[PDB]
């Protein structure tokens, strides 16, 4: 049901992590353990990871231009409430769409986009040189998230508890996105990302020959993405050192429990949740921030037209400002609602195909994440018992149910239910607000 069922996504992610660990052990997980200090950067043959600088990078550009955040978020939109998510610049079919989070679009990966593949591989230490640039991007992106979140929301120095958790989640989303970029699972197709993926395909080609000194990855260049298994194993071997680079900045926050409980101990499991589901949960959080802000504008502009003995005549300025505030509310909620209808339809299509595709049968796929989505939903349906057409006992059968099980929608005010029925008053996309239906009419 959309409207107590246990939340199990995180325990499912733990299962995916164990499977990746054991499968890497059968191959060359041990030969892929890297150390940034053992790499060579800009041909320099000469401590704490939190002291990594711009010199420990193979960005092929001059000083002050080879930073990881170089030229990112020129309009300061990354963490501004109300920024509209836009579709990927996929020009081939456009039948398939996934909305890009503003945090992801302005991610600090510029050093990785402008790598010199010779400097990374010519010395035969591409395993260690790649980790240095990944750790540099992870640390600078985490630092930029903390500062720009406080800037774009004008957060005073005593940060509230809910804003600290929101910042901690954003850093976990960035850690998961970076793992999907390295492994080739990331869904954003763009000019800069195509160039970035091209560098990794050359680097990991040399890596396959670097550790080849039997071959545990025969035919891995035939996989899609190229070197799929070798890149999954490299991530398993070094994912914790990547999160350690992000912990250098998270320790400056005071909250240490809740979603911030990985700041000083442990490694989060977000990188094993399919990216299409992570972005949906992030879409719902930022929709609720926009909705709550627009709702406050409606409470103040229409405050006078609420009581039968108010101060709001049907032609005066208080009624006019209230009707104009209702019009702006309906327009913003409607355009966000159009995005949700495409998101929830794709969710349901993948969920239905998961419980139907047998061992030897398949629907064809086509999407970059089809296999990862079907496998995740199959293991979810196996635990919950929802394996036939007709079972409506699990909330995970709809996107709205997934949000209410795993999402963070406490900031939605009065309009909190992401499903219509089971029409309703507390529906998030209700065009006439039940509390202000009469206020907009004066």
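Positions refer to the first chain, counted from 1.
Q: Does the entry skip any residues of the deposited sequence between residue 422 and residue 423, and if so, is it 1 to 3, 4 to 9, or 10 or more, or none at all?
A: Gap between residue 422 and residue 423: 4 to 9 residues without coordinates.
Q: With residue 3 and residue 4 adjacent in the shown sequence, let me know how many deposited residues between them lack coordinates: none, 1 to 3, 4 to 9, or 10 or more.
A: Missing in between: 4 to 9 residues.
Q: Taking the mean of the C-alpha B-factors per stretch from the entry, tell me the winner out of 308-316 and 186-194.
A: The stretch with the larger average C-alpha B-factor is 308-316.
Q: Would you determine, from the values in the PDB entry, which of 29-37 and 389-397 has the greater average C-alpha temperature factor?
A: The recorded data point to 389-397.
Q: Among the choices 384, 405, 65, 417, identify the one whose CA B-factor in the record is greatest.
A: Highest C-alpha B-factor among the listed options: 65.
Q: Going by the CA temperature factor in the entry, name the top one among 96, 275, 135, 129.
A: 96 has the highest C-alpha B-factor of those listed.
Q: Based on the entry's values, in what third of the chain does the Cα temperature factor of residue 253 lie: lowest, middle or highest?
A: It belongs to the middle third of the chain when residues are ordered by C-alpha B-factor.
Q: Which third of the chain holds residue 361 when residues are ordered by C-alpha B factor: lowest, middle or highest?
A: Top third by C-alpha B-factor.
Q: Compared with the other modelled residues in the chain, in which third is the CA B-factor of residue 84?
A: Ranked within chain, residue 84 CA B lands in the middle tercile.
Q: Test of reading the entry: by CA B factor among the chain's modelled residues, which third contains residue 158?
A: Its C-alpha B-factor belongs to the highest third of this chain's values.
Q: Name the third of the chain's ranked CA B-factors that contains residue 112, choosing lowest, middle or highest.
A: It falls in the middle third of the chain.
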